[PDB]
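Peer 1: My questions all concern the structure below.
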Amino acid sequence: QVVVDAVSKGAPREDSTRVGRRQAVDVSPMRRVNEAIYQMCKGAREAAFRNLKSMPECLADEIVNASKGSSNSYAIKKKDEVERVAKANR
Amino acid sequence: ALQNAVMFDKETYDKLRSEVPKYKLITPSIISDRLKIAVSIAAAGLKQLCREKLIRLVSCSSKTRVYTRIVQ
Amino acid sequence: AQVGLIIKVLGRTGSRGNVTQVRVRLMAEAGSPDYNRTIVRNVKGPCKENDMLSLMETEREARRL
RNA sequence: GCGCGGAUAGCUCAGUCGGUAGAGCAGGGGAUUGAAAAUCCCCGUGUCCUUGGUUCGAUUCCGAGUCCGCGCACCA
RNA sequence: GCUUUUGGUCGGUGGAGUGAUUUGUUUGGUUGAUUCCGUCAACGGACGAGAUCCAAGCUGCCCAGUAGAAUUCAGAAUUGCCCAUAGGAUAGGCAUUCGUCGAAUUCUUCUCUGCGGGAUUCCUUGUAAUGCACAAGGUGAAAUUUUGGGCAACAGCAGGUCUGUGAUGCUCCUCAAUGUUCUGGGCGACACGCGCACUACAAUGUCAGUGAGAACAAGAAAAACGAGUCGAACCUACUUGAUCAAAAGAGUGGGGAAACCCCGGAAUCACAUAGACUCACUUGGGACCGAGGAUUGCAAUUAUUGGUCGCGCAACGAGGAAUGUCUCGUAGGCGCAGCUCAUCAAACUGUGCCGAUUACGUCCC
Ligand SMILES: NC[C@@H]1O[C@H](O[C@H]2[C@@H](O)[C@H](O[C@@H]3[C@@H](O)[C@H](N)C[C@H](N)[C@H]3O[C@H]3O[C@H](CO)[C@@H](O)[C@H](O)[C@H]3N)O[C@@H]2CO)[C@H](N)[C@@H](O)[C@@H]1O
Ligand SMILES: [Mg+2]
Ligand SMILES: [Mg+2]
């Protein structure tokens, strides 16, 4: 349940691409499951790259902090950066 | 920098037997930066606490061993 | 963020074809003002119809075709 | 030597009237992108010209003084 | 090889035009496809596409002392009271195990394979609106060129090859020959600039153990020298070397290769291994070179190659502008064979193993 709560919060609901200017575009529910899994495996991988911590700790920390919606997770820093850029590129 | 000790001082081994059994989610990397000791000591210090039953072994593999406090 | 349901996929849009033009029904709680409201919006990513998605600002509509 | 203004990071500049600094802009990163300029998001960074009286606490209050502008002065 | 991974080219006879030339060969839907349906001053044909061919997946018959299986008596092994130093998770009429180099007596489940089945948009209900067809699902081993390759027209390039040939025209050299053989060098030389790999920059790891466990494949000789028949050249198990390092060096078997290698003990991986390291240019990396030694060869110097101990204080901490390949048993990783080969693979041609992310779109470049 902590993982399903981490996947559900891990990816941005909105994003911005050039469709014609840089218009804000909605994100499908399929990609939101893809990009949540992608950005948690990423970032936990970069945490443990030259760290004392093992990979099952760095992966366990990204899943927990994204499950709580904390900004300590790598994904939630990028989930909030994309949504505020999408809110300004409307 | 990250200069870790390679053997226990008498001060920090007393930290090993007191504060570490009070933690939840003990791993040899949690102990390595809390107690500033190398993981080769931290893993050796935690195998000692299992045979004294102060901590619990909740998950074991050849590389990764995860420990927890015993609740009684 | 309101959760809207895709009732129609209007074709692949944009230059590179990565953006999809959909027609999304807003799915409100049936006593609301903006109930059974349908919007024509751009979706980024793989989207089939009957796929719910969250919407930040529902008062915009995308320019069709 | 008379009154007014200016001194606040490299540059630029509004201040809460005596409860701690801000935006502007440059300097290092990801984004746009196929490649641009512009646009964005992210990390530098000023003991706040010198002195005191040091009001709970002085870029802010106050007393001189250096510096710089304008408009005025003027008998060893 | 490349124009070109594209669907394209050509006559005949009719129509059109003074003519080069058009028409057929098409505006419409459709398909990967001038693929089809419809229209149609054209009508009939030819090639290319499709078909055929190979390989892989499911399957029939045939089949085995060059493939394997069960059983039944004999022979042997364990046999319970047992809870690891700290000891988790996880099936359960006649208990189980097999150079044991046992006898028997019934079999084709897997294996091999010559021809043959099976897939066709076949069935179903939206798109389209007659048609040709399309999407979703069914059926199934397999679902849309089933997958993957081979083969590929017509024109052409002043592409490459006169270093493949006793393929060739012309022209040069032709007895101190540009012939042909020896001997010795060189092709490999390094201020440098680039393609392509390989190895890494480490802890999702290095090490040292231990387990489970692949497919494609290769393999010896002559009108010679020896005993018209047989030997030795080739690959290999096994012993030895061994009262003491590898690398060797030797015996002794076997194999013409579904019969021996071989129950092919590949490497990734795996492991509750109670193993060392613990974030460091470090037990990461292994460039550089020093000293023994042994094999290939007629010859090792400008180390052929392996192995041993040193060196490791050689950059390298994930890479600027740029750039390449890829849509499923795929990318990537991993090794193994063959080919070059007396000796030498960071190559190439094949094969297996582990096995994903993303898209199933578009004409932006
Ligand atoms: N002889 C087959 C040829 O296929 C061509 O069409 C081919 C192309 O449309 C297309 O080929 C593309 C190729 O363009 C592109 N450069 C690369 C791409 N991988 C290929 O794709 C094709 O081959 C691979 C098989 O490896 C498959 O992934 C794929 O299913 C298949 N569409 O797919 C077709 C091959 O099936 C032409 N229709 C024609 O030249 C000819 O019929
Ligand atoms: Mg004519
Ligand atoms: Mg550079």
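Just so we're on the same page: first chain in the structure tokens is A, next is B, and so on; residues restart at 1 for each chain, and ligands are numbered from 1 in the order they show up.
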Neighbours of residue 57 (chain B) within 10 Å (only C-alpha atoms (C1' of nucleotides); same-chain residues fewer than 2 positions away dropped), as a list in words?
Peer 2: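 Non-adjacent residues within range: residues 26, 27, 46, 47, 49, 50, 53, 55, 59, 60, 65, 66, 67, 68, 69 and 70 of chain B; 86 and 88 of chain E.
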Peer 1: Output as CSV one row per residue of chain A within 7 Å of chain E: the closest atom pair and its distance in Å to one decimal place, counting only C-alpha atoms (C1' of nucleotides), sorted by chain and residue number ascending.
Peer 2:
residue,atom,partner,partner_atom,distance
A:50,CA,E:279,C1',6.2
A:51,CA,E:279,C1',6.4
A:52,CA,E:279,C1',6.2
A:55,CA,E:204,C1',6.7
Peer 1: Within 12 Å of ligand 3, counting only C-alpha atoms (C1' of nucleotides) and all ligand atoms: which residues, as an MDAnalysis selection string?
Peer 2: chainID E and resid 319:322
Peer 1: Once you have the residues from the selection above, write them out as a PDB file, in the first residue's frame, restricted to N, CA, C and O atoms (P, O5', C5', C4', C3', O3' and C1' of nucleotides).
Peer 2:
ATOM      1  P     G E 319      28.345  12.409 -17.718  1.00  0.00           P
ATOM      2  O5'   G E 319      29.533  13.443 -17.528  1.00  0.00           O
ATOM      3  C5'   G E 319      29.705  14.540 -18.398  1.00  0.00           C
ATOM      4  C4'   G E 319      30.982  14.426 -19.181  1.00  0.00           C
ATOM      5  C3'   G E 319      30.810  14.296 -20.679  1.00  0.00           C
ATOM      6  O3'   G E 319      30.662  15.563 -21.287  1.00  0.00           O
ATOM      7  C1'   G E 319      32.372  12.692 -19.897  1.00  0.00           C
ATOM      8  P     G E 320      29.235  16.058 -21.818  1.00  0.00           P
ATOM      9  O5'   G E 320      29.548  17.478 -22.432  1.00  0.00           O
ATOM     10  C5'   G E 320      29.919  18.575 -21.619  1.00  0.00           C
ATOM     11  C4'   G E 320      30.205  19.769 -22.481  1.00  0.00           C
ATOM     12  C3'   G E 320      29.551  19.725 -23.851  1.00  0.00           C
ATOM     13  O3'   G E 320      28.238  20.257 -23.832  1.00  0.00           O
ATOM     14  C1'   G E 320      31.859  20.141 -24.101  1.00  0.00           C
ATOM     15  P     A E 321      27.146  19.795 -24.911  1.00  0.00           P
ATOM     16  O5'   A E 321      27.681  20.400 -26.271  1.00  0.00           O
ATOM     17  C5'   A E 321      27.607  21.788 -26.532  1.00  0.00           C
ATOM     18  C4'   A E 321      28.256  22.112 -27.848  1.00  0.00           C
ATOM     19  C3'   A E 321      27.672  21.398 -29.041  1.00  0.00           C
ATOM     20  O3'   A E 321      26.523  22.050 -29.534  1.00  0.00           O
ATOM     21  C1'   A E 321      30.013  21.172 -29.069  1.00  0.00           C
ATOM     22  P     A E 322      25.322  21.205 -30.168  1.00  0.00           P
ATOM     23  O5'   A E 322      25.959  20.607 -31.491  1.00  0.00           O
ATOM     24  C5'   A E 322      25.573  19.340 -31.984  1.00  0.00           C
ATOM     25  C4'   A E 322      26.767  18.567 -32.466  1.00  0.00           C
ATOM     26  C3'   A E 322      26.484  17.145 -32.889  1.00  0.00           C
ATOM     27  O3'   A E 322      25.979  17.073 -34.207  1.00  0.00           O
ATOM     28  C1'   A E 322      28.303  17.143 -31.419  1.00  0.00           C
TER      29        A E 322
END
Peer 1: Please provide as a PDB file with C-alpha atoms, in the first residue's frame all residues within 10 Å of residue 57 (chain C), with the sequence filter that same-chain residues fewer than 5 positions apart are discarded (counting only C-alpha atoms (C1' of nucleotides)).
Peer 2:
ATOM      1  CA  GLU A  14       0.184  18.364 -15.884  1.00  0.00           C
ATOM      2  CA  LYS A  87       1.159  26.334 -14.675  1.00  0.00           C
ATOM      3  CA  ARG A  90      -0.436  27.814 -19.814  1.00  0.00           C
TER       4      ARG A  90
ATOM      5  CA  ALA C   1      -7.818  18.869  -9.219  1.00  0.00           C
ATOM      6  CA  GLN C   2     -10.971  17.695 -10.949  1.00  0.00           C
TER       7      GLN C   2
END
Peer 1: Neighbouring residues of ligand 1 are defined here as those with any atom at most 6 Å from a ligand atom, counting only C-alpha atoms (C1' of nucleotides) and all ligand atoms; list them as a PDB file with C-alpha atoms (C1' of nucleotides), in the first residue's frame.
Peer 2:
ATOM      1  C1'   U E   5      13.790  -1.063 -48.574  1.00  0.00           C
ATOM      2  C1'   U E   6      11.648   1.851 -52.961  1.00  0.00           C
ATOM      3  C1'   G E  32       3.931  -2.897 -47.112  1.00  0.00           C
ATOM      4  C1'   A E  33       2.927  -3.150 -52.733  1.00  0.00           C
TER       5        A E  33
END
Peer 1: Grab the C1' of residue 117 (chain E) to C1' of residue 141 (chain E) distance for me, in Å with one decimal place.
Peer 2: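 Computing it gives 13.7 Å between the two atoms.
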